[PDB]
Amino acid sequence: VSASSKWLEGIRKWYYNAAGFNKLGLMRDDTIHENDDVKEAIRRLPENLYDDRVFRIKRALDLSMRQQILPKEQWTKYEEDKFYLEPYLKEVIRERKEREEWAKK
Amino acid sequence: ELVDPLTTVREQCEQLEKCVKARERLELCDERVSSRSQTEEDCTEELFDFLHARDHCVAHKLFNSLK
Amino acid sequence: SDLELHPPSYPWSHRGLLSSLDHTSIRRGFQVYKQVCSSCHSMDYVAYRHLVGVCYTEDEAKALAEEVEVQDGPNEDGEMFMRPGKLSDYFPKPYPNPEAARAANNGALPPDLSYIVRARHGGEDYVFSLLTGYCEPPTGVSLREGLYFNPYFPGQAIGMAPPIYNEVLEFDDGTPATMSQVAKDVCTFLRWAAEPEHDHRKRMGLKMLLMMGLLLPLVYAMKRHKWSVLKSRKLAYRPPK
Amino acid sequence: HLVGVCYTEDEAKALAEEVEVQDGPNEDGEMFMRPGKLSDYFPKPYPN
Amino acid sequence: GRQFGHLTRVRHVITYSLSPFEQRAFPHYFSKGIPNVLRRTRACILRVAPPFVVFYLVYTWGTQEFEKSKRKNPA
Amino acid sequence: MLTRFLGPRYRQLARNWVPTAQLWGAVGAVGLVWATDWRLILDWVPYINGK
Amino acid sequence: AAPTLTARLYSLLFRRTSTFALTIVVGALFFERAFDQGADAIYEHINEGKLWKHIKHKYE
Amino acid sequence: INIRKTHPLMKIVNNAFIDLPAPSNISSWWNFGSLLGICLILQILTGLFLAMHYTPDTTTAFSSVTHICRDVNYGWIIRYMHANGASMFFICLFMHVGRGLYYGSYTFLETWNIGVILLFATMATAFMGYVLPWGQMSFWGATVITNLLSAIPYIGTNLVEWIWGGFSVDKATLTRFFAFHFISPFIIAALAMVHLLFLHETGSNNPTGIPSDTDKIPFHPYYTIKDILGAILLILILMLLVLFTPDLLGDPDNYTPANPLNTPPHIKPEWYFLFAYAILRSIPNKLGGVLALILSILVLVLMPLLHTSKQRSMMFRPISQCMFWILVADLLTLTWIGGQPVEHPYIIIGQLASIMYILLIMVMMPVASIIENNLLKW
Amino acid sequence: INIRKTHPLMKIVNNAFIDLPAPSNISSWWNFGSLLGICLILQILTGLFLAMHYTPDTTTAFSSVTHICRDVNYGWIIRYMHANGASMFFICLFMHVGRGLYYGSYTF
Amino acid sequence: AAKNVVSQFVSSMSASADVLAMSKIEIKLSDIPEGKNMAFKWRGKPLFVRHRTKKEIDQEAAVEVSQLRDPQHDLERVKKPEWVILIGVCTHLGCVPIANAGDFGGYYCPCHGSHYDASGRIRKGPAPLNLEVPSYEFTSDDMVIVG
Ligand code: HEM
Ligand code: HEM
Ligand code: HEM
Ligand code: HEM
Ligand code: HEM
Ligand code: FES
């Protein structure tokens, strides 16, 4: 979430200071629109992770209703964000690429 | 000679400055085309304009006047 | 004449968000009917039984009708000869045939005024600005003379004298006479044909102003009253270890 | 209606035209007479 | 489908509640409204405006364009 | 993403459905005919000639 | 007081559900005619443009 | 047990409004919906009561209208009023469309296409329904859309006959559409409960955009009371424009009696029907105009098909939002465009506005989507 | 899976007409029901189409009636006809009442 | 069964014995002497029938197409040189043109000064588009069917 990505992923950082996500402290991965692949993707998610994304999500709802945001300090640390799913997810990308693959076969 | 901002203030009101300017451009064109022969233009634009001011102040007075 | 006078705003006595009028000009509007206006005019949807409560009294309205020839229905009689007319009798406008208009002036459909304000376009000034704006053609133009000179108008040329200026002289209660209370009584008895509750309904709007101001807060309160707890909630993420 | 029924295009035709329409007005309200059309109906008696 | 109880899985979390009559309807009401209010609004403004700008520029603009275009000239 | 159903497999699938496809298509067409009896086609219809 | 308004007028009023309601309509009267009246006053001070006419109409 | 749980019709009910679990994060995007139905109900309600007096007869048109207006006390109010209220329904209509849009709610197809049925349905259902007044505006304009009935190759002549009832618009139409109105509202209704159950199936989205199972409450109290609120807001709206300046939105050509020979200068659609007729006159060909027309909403269907981004909420997608309010600019833009009669600047103006509609949606919005994706990098 | 099983609107449908398990012993007492609805539908249907022409206006009463009858081809038929059909609906109506009665179906 | 049923229902919207009749009901005699502009009442509007003169035809043929307010070459309206059939309502604000009047050997609108040439064609006044031409076929020599 840093200057190129604070301009660009600073649509998610400076301009999600504007578009909100990361300054809202969101989870990058969490932003993926729910899809089936996304669905079972999460089904396979890691546990401690699952809790984490949970608290994140709920909180997001919380301030959302509150229509407030955390301290800009509390606003999320830029860059410095594990790509949570992306190993798991992207793995699934290969999966549905595989079901998709022999499927093509 | 009933009180007639129509007539009455049309003296008083239409003495207006801007009104007079439109009168300048006005009779100006009046003679302008007037000189011409075999021409289609009646130059209504001015008459319209002067009227527009005449009203502009007019109801801004006449009603307040009129009873 | 294709160049629209944006009719100036005559501070119409009703021109306020709520504001009122006088009538018997409309009687002289009826006498504009009887003379000026509805000689050539229809209000035709106009119905006398309406104005009953408006201006004249039970008798004054009564005779006001009876003062007119009904041209009654037939008694065995088809044909249908004349009567005095009732309150139930409407406001019996002019010459019947559409060609009676076409001839009346040359062509010149003399339309009904019933909605005319609310019908044609523009406001009281359409009477004041436009109609009272009967005026000489400036130049460069000649009608068939069928159109008189009314410069303020669609063609700037037709149709009308100021029977004020050349007085058919009536103020029954007495005054010098002007166009409004029969013009805006042709707007009123157009609105008194449309928005007489422009008074009555006006009244209700008042209470509305309060109801919301009361309820709207009370409502919003109630909403907060509900949602409040949810507002402040504390939910703990305390993952074990 | 009866057009197709009995008389012929002409026979119906005149059959109408044989009757006085009492036409609508031409400028004319009043409304003087015509021969009437097939479109003209079957013009029954005294009005009142 | 939904309703509850088949709903979803939540492990190791916690809550806190309060009865309604407890609170005050409008703590810091005017106060809190605030550049909090301007925080949402003002936050969005830049994102918002430009099109509307073009608008006023337009109805104004073309308003002039055709409006003047209705004027008559000499010769 | 036509590649999804684009493959000699689904290609073969089409190769199967093809004649049937002709069949149901004909069904629709003729339906338009008899239903409509639209003059445009109706003309060519002999002894289905109605006059 | 106001504590018996909030309270007793809960208790001796808003407590019993019915009582709360009977209270409600009980108002519906007073409010109704009242706002009717003062409202009429508003319109009254608004104009005096007609129906005061009778005296001027010389109220035969 | 709890009858709330127990009673079968109720079992629907609780399942419908009452017991309904719903996303807690829920946003004001809501209100309009119940409004519309309330509107709709009132619509019917008034129309009904309106119907109760009103006659829709050829000689009676302005005639009964007076009887329904000049006679009719509060037929004044109810009439002109809830007439305006129709337009209000349109207001929340286009609004609501926006709701899905910046929502991007397009995720749920049967809902989307549903409200598409709601779309063209609302459109003509009005139009016919609307025209019923048969007023000079709606009259020569009746010659207008009446001339819309003729479009097709080889058909329209016979069609705009069959539509028109024959050689022109007529009392034929009068009955025809008159009924057509009488019917269509019902259609809207059943359509409604339809799309509704469809909704209850999936549940539905959230302004947040996250899976809602995290947080839900029943509409009662929350969405319930909130709804009550927005309703009061409505009566403010309707009961306002009504209550204060009823005629404000009107076009005088209405009160103008239909004068068959008239054909006056204006010929415009309603603030409701507005943005169309511009779009109509925009192109120089028949089916261009129409296919465009149905291609605006239909276009929106494609937009669900055109859905691109890896994230639902444009909230996180600012450049998208630029395309959003920007697209709106193209929209009310299209309004004021129609807001002029045929004019030199306008020609080009709308001429480009269409491209926008095709770009700002079909291209520039989708192109935008792709772009934002590229930027996303996650 | 089976869309018949699967499709939600269908899920109603199969649950309604199609997948509907129903007493095998079932008796002719039935028929009238769908009839009525068919009737009803036709009722509406015709009425609708009827409405389509018909005007219900004061001067038009017999007038439009002629236009709806004397004019109306099959307005003859549709009109007078499905008019009778109404009565038929009544027929199965009273009938049907009987159905419950000798049925004694009053249980529900 | 369904075919007739459905096609009866659909027919009931298409036209009417009543509306039909009157729709195309129009014929003309050959009494219109070159010169006079008769006038018929067809479809609730004015149906003008003008028998014309070599002089007429000749001049009307020689108007310039390029400069007309509503460009439309005489020769494409009338199906027969000699005869011109029109609808009698002024395309401005709807009065009725006056037969052979006004500055152009056509008609005259006594409402705003609207001049029509012999064809229909607008040659003076606000009038927008030229008087409109009905559909009609000439039957035998003495017969003309408007509509
Ligand atoms: C106070 C009485 C009258 C009032 C308030 C009145 C007002 C009006 C108004 C508002 C219009 C329509 C303006 C428009 O189309 O925008 C009109 C049209 C007309 N009235 Fe009057 N008028 C009155 C008396 C007359 C009289 C005495 C005559 C007979 C000279 C007359 C003959 C006409 C005609 C011919 C028109 C049609 C104008 C045209 O379209 O060329 N009216 N009038
Ligand atoms: C089935 C319930 C409805 C009935 C019975 C109904 C009946 C009527 C009738 C008889 C009129 C003519 C009288 C008048 O104009 O005041 C009318 C006008 C209209 N109503 Fe409806 N309608 C209904 C539902 C709707 C709906 C769903 C809409 C769409 C929001 C709608 C919008 C209109 C419009 C646009 C007009 C004409 C404009 C005007 O008020 O002058 N109404 N309706
Ligand atoms: C007859 C007019 C309509 C009615 C009465 C109606 C009713 C509703 C209701 C009651 C909701 C509940 C939740 C909410 O409002 O957000 C809703 C949501 C929705 N409607 Fe409509 N609607 C109508 C027109 C539309 C239109 C025109 C569309 C789009 C073409 C649409 C697509 C949706 C969608 C996608 C949702 C889900 C919203 C979300 O969860 O964010 N409906 N509607
Ligand atoms: C609007 C007219 C009605 C319609 C459309 C209607 C529709 C139906 C339908 C579709 C059935 C399915 C099974 C069957 O027909 O036996 C049914 C059964 C039944 N109906 Fe009706 N019905 C109507 C009037 C009545 C009336 C008037 C009654 C008695 C007051 C009635 C009481 C019943 C009962 C008790 C059954 C159960 C029959 C059994 O299983 O033996 N319904 N109806
Ligand atoms: C909502 C759909 C319906 C509409 C639009 C409708 C409308 C009409 C209209 C306009 C008439 C007068 C024209 C005529 O008599 O031919 C009529 C007659 C009638 N219809 Fe309906 N109606 C409908 C449903 C029904 C229903 C449910 C029944 C009850 C079976 C019904 C039974 C009748 C009867 C008894 C008459 C009068 C007798 C007659 O045909 O002369 N119709 N209807
Ligand atoms: S009606 Fe023909 S010039 Fe006005």
# chains A, B, ... in the order shown; residues from 1 in each chain; ligands from 1
>>> residues_near_ligand(ligand="ligand 5", cutoff="6 Å", atoms="only C-alpha atoms and all ligand atoms", output="PDB file with C-alpha atoms, in the first residue's frame")
ATOM      1  CA  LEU I  40     -61.959 -17.497 -13.654  1.00  0.00           C
ATOM      2  CA  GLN I  43     -63.522 -14.943 -16.985  1.00  0.00           C
ATOM      3  CA  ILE I  44     -60.773 -12.434 -16.608  1.00  0.00           C
ATOM      4  CA  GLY I  47     -63.702  -9.789 -19.413  1.00  0.00           C
ATOM      5  CA  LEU I  48     -60.327  -8.371 -20.217  1.00  0.00           C
ATOM      6  CA  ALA I  51     -63.020  -4.708 -21.295  1.00  0.00           C
ATOM      7  CA  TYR I  54     -66.437  -2.464 -23.905  1.00  0.00           C
ATOM      8  CA  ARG I  79     -70.007 -11.249 -24.908  1.00  0.00           C
ATOM      9  CA  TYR I  80     -73.218 -13.146 -24.531  1.00  0.00           C
ATOM     10  CA  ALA I  83     -71.517 -13.957 -19.975  1.00  0.00           C
ATOM     11  CA  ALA I  86     -70.261 -16.682 -15.618  1.00  0.00           C
ATOM     12  CA  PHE I  89     -69.041 -20.676 -12.883  1.00  0.00           C
TER      13      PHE I  89
END
>>> residues_around(residues="stretch 16-33 of chain I", least_positions_apart="5", cutoff="10 Å", atoms="only C-alpha atoms", output="ChimeraX atom specification")
/I:4-5,10-11,38-39,89,91-93,95-96,98-100,103
>>> residues_near_ligand(ligand="ligand 1", cutoff="8 Å", atoms="only C-alpha atoms and all ligand atoms", output="number ranges by chain")
C: 29, 32-33, 35-41, 105, 108-111, 113, 116-117, 120-122, 126-127, 130-131, 147, 153-155, 157-161, 179, 182-183, 186; J: 111
>>> residues_around(residues="residue B:18", least_positions_apart="5", cutoff="10 Å", atoms="only C-alpha atoms", output="compact mmCIF listing (two decimals) with C-alpha atoms, in the first residue's frame")
# COMPACT_ATOMS: atom_id res chain seq x y z
CA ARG B 23 -34.25 54.19 -26.54
CA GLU B 24 -30.94 55.22 -28.07
CA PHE B 50 -37.54 48.30 -23.85
CA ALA B 53 -37.36 46.83 -18.72
>>> interface_residues(of="chain F", to="chain A", cutoff="10 Å", atoms="only C-alpha atoms", output="number ranges by chain")
F: 3-10
>>> residues_near_ligand(ligand="ligand 6", cutoff="7 Å", atoms="only C-alpha atoms and all ligand atoms", output="mmCIF file with C-alpha atoms, in the first residue's frame")
data_model
loop_
_atom_site.group_PDB
_atom_site.id
_atom_site.type_symbol
_atom_site.label_atom_id
_atom_site.label_comp_id
_atom_site.auth_asym_id
_atom_site.auth_seq_id
_atom_site.Cartn_x
_atom_site.Cartn_y
_atom_site.Cartn_z
ATOM 1 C CA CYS J 90 -53.155 24.553 -41.609
ATOM 2 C CA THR J 91 -49.963 22.943 -40.438
ATOM 3 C CA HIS J 92 -49.281 26.004 -38.226
ATOM 4 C CA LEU J 93 -51.796 26.459 -35.420
ATOM 5 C CA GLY J 94 -54.573 24.626 -37.178
ATOM 6 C CA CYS J 95 -56.997 27.003 -38.935
ATOM 7 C CA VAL J 96 -58.178 26.128 -42.492
ATOM 8 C CA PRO J 97 -56.367 27.390 -45.578
ATOM 9 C CA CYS J 109 -54.515 30.955 -43.762
ATOM 10 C CA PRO J 110 -56.535 33.846 -42.371
ATOM 11 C CA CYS J 111 -54.925 33.343 -38.958
ATOM 12 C CA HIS J 112 -51.259 34.390 -39.042
ATOM 13 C CA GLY J 113 -50.672 35.044 -42.717
ATOM 14 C CA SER J 114 -49.853 31.574 -44.035
ATOM 15 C CA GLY J 125 -45.694 32.587 -42.722
ATOM 16 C CA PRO J 126 -44.790 30.554 -39.626
ATOM 17 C CA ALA J 127 -46.358 27.467 -41.162
#
>>> closest_atom_pairs(of="chain H", to="ligand 2", cutoff="7 Å", atoms="only C-alpha atoms and all ligand atoms", output="tab-separated table")
residue	atom	partner	partner_atom_place_in_ligand_line	distance
H:40	CA	ligand 2	27 (C)	5.5
H:43	CA	ligand 2	24 (C)	4.6
H:44	CA	ligand 2	2 (C)	3.0
H:45	CA	ligand 2	2 (C)	6.4
H:46	CA	ligand 2	4 (C)	6.9
H:47	CA	ligand 2	4 (C)	3.5
H:48	CA	ligand 2	5 (C)	4.0
H:50	CA	ligand 2	10 (C)	5.6
H:51	CA	ligand 2	10 (C)	4.4
H:54	CA	ligand 2	10 (C)	5.6
H:55	CA	ligand 2	10 (C)	6.9
H:56	CA	ligand 2	10 (C)	6.8
H:79	CA	ligand 2	16 (O)	4.2
H:80	CA	ligand 2	40 (O)	5.6
H:82	CA	ligand 2	40 (O)	6.5
H:83	CA	ligand 2	40 (O)	3.2
H:84	CA	ligand 2	40 (O)	6.4
H:86	CA	ligand 2	30 (C)	3.8
H:87	CA	ligand 2	30 (C)	6.5
H:89	CA	ligand 2	30 (C)	5.5
H:90	CA	ligand 2	30 (C)	6.8
H:122	CA	ligand 2	29 (C)	6.7
H:125	CA	ligand 2	29 (C)	6.9
H:126	CA	ligand 2	29 (C)	5.1
H:127	CA	ligand 2	35 (C)	6.9
H:129	CA	ligand 2	34 (C)	5.8
H:130	CA	ligand 2	37 (C)	3.7
H:131	CA	ligand 2	37 (C)	6.1
H:132	CA	ligand 2	12 (C)	5.6
H:133	CA	ligand 2	15 (O)	5.1
H:181	CA	ligand 2	22 (N)	6.5
H:182	CA	ligand 2	1 (C)	5.5
H:183	CA	ligand 2	1 (C)	6.9
H:185	CA	ligand 2	1 (C)	4.7
H:186	CA	ligand 2	1 (C)	6.3
>>> interface_residues(of="chain B", to="chain E", cutoff="10 Å", atoms="only C-alpha atoms", output="PyMOL selection string")
chain B and resi 39+41+43+45
>>> write_last_selection(atoms="N, CA and C atoms", output="PDB file, in the first residue's frame")
ATOM      1  N   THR B  39     -37.439  46.196 -47.605  1.00  0.00           N
ATOM      2  CA  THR B  39     -36.668  45.384 -46.680  1.00  0.00           C
ATOM      3  C   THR B  39     -37.622  44.729 -45.699  1.00  0.00           C
ATOM      4  N   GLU B  41     -37.125  43.805 -42.440  1.00  0.00           N
ATOM      5  CA  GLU B  41     -36.888  43.871 -41.006  1.00  0.00           C
ATOM      6  C   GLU B  41     -37.790  44.894 -40.328  1.00  0.00           C
ATOM      7  N   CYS B  43     -37.325  45.082 -36.855  1.00  0.00           N
ATOM      8  CA  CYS B  43     -36.449  45.440 -35.735  1.00  0.00           C
ATOM      9  C   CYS B  43     -37.137  45.302 -34.384  1.00  0.00           C
ATOM     10  N   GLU B  45     -36.729  43.510 -31.986  1.00  0.00           N
ATOM     11  CA  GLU B  45     -35.889  43.144 -30.854  1.00  0.00           C
ATOM     12  C   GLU B  45     -35.859  44.252 -29.822  1.00  0.00           C
TER      13      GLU B  45
END
>>> residues_around(residues="residue C:189", least_positions_apart="6", cutoff="12 Å", atoms="only C-alpha atoms", output="number ranges by chain")
C: 21-27, 29-30, 43-48, 50-52, 54-55, 91, 113-118, 181-183, 195-198; H: 70
>>> write_last_selection(atoms="N, CA, C and O atoms", output="compact mmCIF listing (two decimals), in the first residue's frame")
# COMPACT_ATOMS: atom_id res chain seq x y z
N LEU C 21 -57.92 37.50 -2.77
CA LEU C 21 -58.49 38.24 -3.89
C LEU C 21 -59.78 38.95 -3.51
O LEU C 21 -60.24 38.93 -2.36
N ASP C 22 -60.36 39.61 -4.51
CA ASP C 22 -61.66 40.25 -4.45
C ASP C 22 -62.45 39.77 -5.65
O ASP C 22 -61.89 39.21 -6.59
N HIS C 23 -63.75 40.00 -5.62
CA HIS C 23 -64.58 39.27 -6.55
C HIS C 23 -65.20 40.17 -7.59
O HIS C 23 -64.80 40.13 -8.76
N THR C 24 -66.11 41.03 -7.16
CA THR C 24 -67.17 41.53 -8.03
C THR C 24 -66.64 42.16 -9.29
O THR C 24 -67.42 42.43 -10.21
N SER C 25 -65.34 42.42 -9.36
CA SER C 25 -64.72 42.53 -10.66
C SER C 25 -65.10 41.34 -11.51
O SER C 25 -65.44 41.50 -12.68
N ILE C 26 -65.06 40.14 -10.92
CA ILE C 26 -65.61 38.96 -11.58
C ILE C 26 -67.09 39.10 -11.87
O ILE C 26 -67.57 38.58 -12.88
N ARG C 27 -67.85 39.73 -10.99
CA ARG C 27 -69.16 40.19 -11.39
C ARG C 27 -69.09 41.12 -12.58
O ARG C 27 -69.83 40.94 -13.55
N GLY C 29 -66.52 40.84 -14.20
CA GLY C 29 -66.00 39.81 -15.06
C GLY C 29 -67.19 39.12 -15.66
O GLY C 29 -67.19 38.74 -16.83
N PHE C 30 -68.22 38.92 -14.85
CA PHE C 30 -69.47 38.48 -15.41
C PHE C 30 -69.98 39.63 -16.25
O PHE C 30 -70.51 39.42 -17.34
N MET C 43 -65.87 30.72 -20.46
CA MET C 43 -65.33 30.11 -19.26
C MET C 43 -65.86 28.68 -19.22
O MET C 43 -65.78 28.00 -18.20
N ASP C 44 -66.38 28.25 -20.36
CA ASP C 44 -67.60 27.46 -20.47
C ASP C 44 -67.81 26.41 -19.40
O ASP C 44 -68.94 26.20 -18.96
N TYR C 45 -66.75 25.76 -18.95
CA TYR C 45 -66.91 24.89 -17.80
C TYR C 45 -67.43 25.63 -16.58
O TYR C 45 -67.84 24.99 -15.61
N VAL C 46 -67.42 26.97 -16.61
CA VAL C 46 -67.96 27.75 -15.51
C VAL C 46 -69.38 27.34 -15.21
O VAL C 46 -70.21 27.18 -16.11
N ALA C 47 -69.68 27.16 -13.93
CA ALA C 47 -71.02 26.83 -13.48
C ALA C 47 -71.40 27.78 -12.36
O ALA C 47 -70.69 27.88 -11.36
N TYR C 48 -72.53 28.46 -12.53
CA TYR C 48 -72.90 29.52 -11.60
C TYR C 48 -73.09 28.98 -10.19
O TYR C 48 -72.65 29.62 -9.22
N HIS C 50 -71.52 27.18 -8.52
CA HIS C 50 -70.27 27.34 -7.81
C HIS C 50 -70.24 28.66 -7.06
O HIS C 50 -70.36 28.71 -5.84
N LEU C 51 -70.18 29.76 -7.80
CA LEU C 51 -69.81 31.05 -7.24
C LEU C 51 -70.80 31.47 -6.17
O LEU C 51 -70.64 32.51 -5.54
N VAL C 52 -71.84 30.66 -6.01
CA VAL C 52 -72.91 30.92 -5.07
C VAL C 52 -72.32 31.43 -3.77
O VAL C 52 -72.46 32.61 -3.44
N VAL C 54 -69.48 32.25 -3.21
CA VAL C 54 -68.29 33.06 -3.39
C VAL C 54 -68.66 34.51 -3.13
O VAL C 54 -68.27 35.09 -2.10
N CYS C 55 -69.45 35.09 -4.02
CA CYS C 55 -69.66 36.53 -3.96
C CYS C 55 -71.06 36.87 -3.48
O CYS C 55 -71.25 37.25 -2.32
N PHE C 91 -72.97 29.05 -15.86
CA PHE C 91 -72.61 30.40 -16.29
C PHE C 91 -72.69 30.46 -17.81
O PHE C 91 -71.69 30.26 -18.50
N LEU C 113 -62.18 29.97 -21.15
CA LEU C 113 -61.17 30.44 -20.21
C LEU C 113 -61.09 29.60 -18.96
O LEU C 113 -60.24 29.88 -18.11
N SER C 114 -61.92 28.57 -18.84
CA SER C 114 -62.13 27.91 -17.56
C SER C 114 -60.82 27.58 -16.86
O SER C 114 -60.64 27.89 -15.68
N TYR C 115 -59.89 26.96 -17.56
CA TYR C 115 -58.57 26.71 -17.02
C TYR C 115 -57.54 27.72 -17.50
O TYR C 115 -56.38 27.62 -17.11
N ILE C 116 -57.95 28.70 -18.30
CA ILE C 116 -57.06 29.37 -19.25
C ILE C 116 -55.70 29.68 -18.64
O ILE C 116 -54.66 29.38 -19.23
N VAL C 117 -55.71 30.29 -17.46
CA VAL C 117 -54.48 30.54 -16.73
C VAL C 117 -53.78 29.20 -16.58
O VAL C 117 -52.76 28.95 -17.22
N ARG C 118 -54.38 28.33 -15.77
CA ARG C 118 -53.85 26.98 -15.61
C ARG C 118 -53.82 26.22 -16.92
O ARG C 118 -53.18 25.17 -17.00
N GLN C 181 -59.11 41.73 -10.25
CA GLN C 181 -59.99 40.84 -9.50
C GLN C 181 -60.95 40.07 -10.39
O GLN C 181 -61.49 39.06 -9.94
N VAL C 182 -61.20 40.52 -11.61
CA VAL C 182 -61.83 39.66 -12.60
C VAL C 182 -60.84 38.89 -13.45
O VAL C 182 -61.23 37.93 -14.12
N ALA C 183 -59.58 39.32 -13.51
CA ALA C 183 -58.60 38.54 -14.25
C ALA C 183 -58.08 37.40 -13.41
O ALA C 183 -58.10 36.24 -13.83
N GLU C 195 -58.24 25.64 -7.64
CA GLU C 195 -57.73 25.63 -6.29
C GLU C 195 -58.50 26.64 -5.47
O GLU C 195 -57.98 27.69 -5.11
N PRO C 196 -59.79 26.40 -5.23
CA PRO C 196 -60.43 27.17 -4.15
C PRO C 196 -59.88 26.76 -2.81
O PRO C 196 -59.70 27.59 -1.91
N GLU C 197 -59.56 25.48 -2.65
CA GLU C 197 -58.88 25.00 -1.46
C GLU C 197 -57.48 25.57 -1.42
O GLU C 197 -56.76 25.38 -0.43
N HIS C 198 -57.07 26.29 -2.47
CA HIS C 198 -55.85 27.08 -2.34
C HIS C 198 -55.94 27.88 -1.07
O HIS C 198 -54.92 28.19 -0.46
N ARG H 70 -62.91 20.00 -11.69
CA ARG H 70 -63.63 21.23 -11.41
C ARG H 70 -64.77 20.95 -10.46
O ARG H 70 -64.97 21.67 -9.48
>>> residues_around(residues="stretch 1-7 of chain B", least_positions_apart="6", cutoff="8 Å", atoms="only C-alpha atoms", output="list in words")
residues 13, 58, 61, 62, 65 and 66 of chain B
>>> write_last_selection(atoms="N, CA, C and O atoms", output="short mmCIF file (atom, residue, chain, number, x, y, z; two decimals), in the first residue's frame")
data_model
loop_
_atom_site.label_atom_id
_atom_site.label_comp_id
_atom_site.auth_asym_id
_atom_site.auth_seq_id
_atom_site.Cartn_x
_atom_site.Cartn_y
_atom_site.Cartn_z
N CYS B 13 -41.49 56.16 -14.63
CA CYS B 13 -40.65 54.98 -14.70
C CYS B 13 -39.80 54.99 -15.95
O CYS B 13 -38.56 55.01 -15.88
N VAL B 58 -41.65 47.97 -13.79
CA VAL B 58 -43.04 48.39 -13.74
C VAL B 58 -43.77 47.69 -12.61
O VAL B 58 -44.26 48.32 -11.67
N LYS B 61 -43.05 48.47 -9.27
CA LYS B 61 -43.67 49.69 -8.79
C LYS B 61 -45.19 49.60 -8.89
O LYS B 61 -45.90 49.74 -7.90
N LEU B 62 -45.67 49.38 -10.12
CA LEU B 62 -47.07 49.61 -10.45
C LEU B 62 -48.01 48.98 -9.44
O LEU B 62 -48.87 49.65 -8.89
N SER B 65 -47.75 50.53 -6.40
CA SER B 65 -48.58 51.69 -6.62
C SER B 65 -50.04 51.29 -6.70
O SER B 65 -50.85 51.68 -5.85
N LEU B 66 -50.39 50.48 -7.69
CA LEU B 66 -51.77 50.28 -8.07
C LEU B 66 -52.63 49.87 -6.89
O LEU B 66 -52.18 49.16 -5.99
#
>>> decode(residues="stretch 67-85 of chain A", atoms="C-alpha atoms", output="mmCIF file, in the first residue's frame")
data_model
loop_
_atom_site.group_PDB
_atom_site.id
_atom_site.type_symbol
_atom_site.label_atom_id
_atom_site.label_comp_id
_atom_site.auth_asym_id
_atom_site.auth_seq_id
_atom_site.Cartn_x
_atom_site.Cartn_y
_atom_site.Cartn_z
ATOM 1 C CA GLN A 67 -20.065 5.553 10.084
ATOM 2 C CA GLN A 68 -16.738 6.276 11.755
ATOM 3 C CA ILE A 69 -13.236 4.972 11.107
ATOM 4 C CA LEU A 70 -10.362 3.965 13.331
ATOM 5 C CA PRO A 71 -7.560 6.381 14.186
ATOM 6 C CA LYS A 72 -5.700 7.261 11.027
ATOM 7 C CA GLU A 73 -2.915 5.843 13.116
ATOM 8 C CA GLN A 74 -5.150 2.869 13.716
ATOM 9 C CA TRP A 75 -5.781 3.072 9.965
ATOM 10 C CA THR A 76 -3.929 0.081 8.630
ATOM 11 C CA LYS A 77 -0.165 -0.140 8.238
ATOM 12 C CA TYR A 78 0.674 0.382 4.600
ATOM 13 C CA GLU A 79 2.459 -2.212 2.522
ATOM 14 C CA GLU A 80 3.208 -4.658 5.306
ATOM 15 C CA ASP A 81 0.137 -6.793 4.592
ATOM 16 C CA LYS A 82 0.369 -10.533 4.246
ATOM 17 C CA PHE A 83 -1.486 -11.723 1.216
ATOM 18 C CA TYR A 84 -3.592 -14.053 3.233
ATOM 19 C CA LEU A 85 -5.464 -16.162 0.749
#
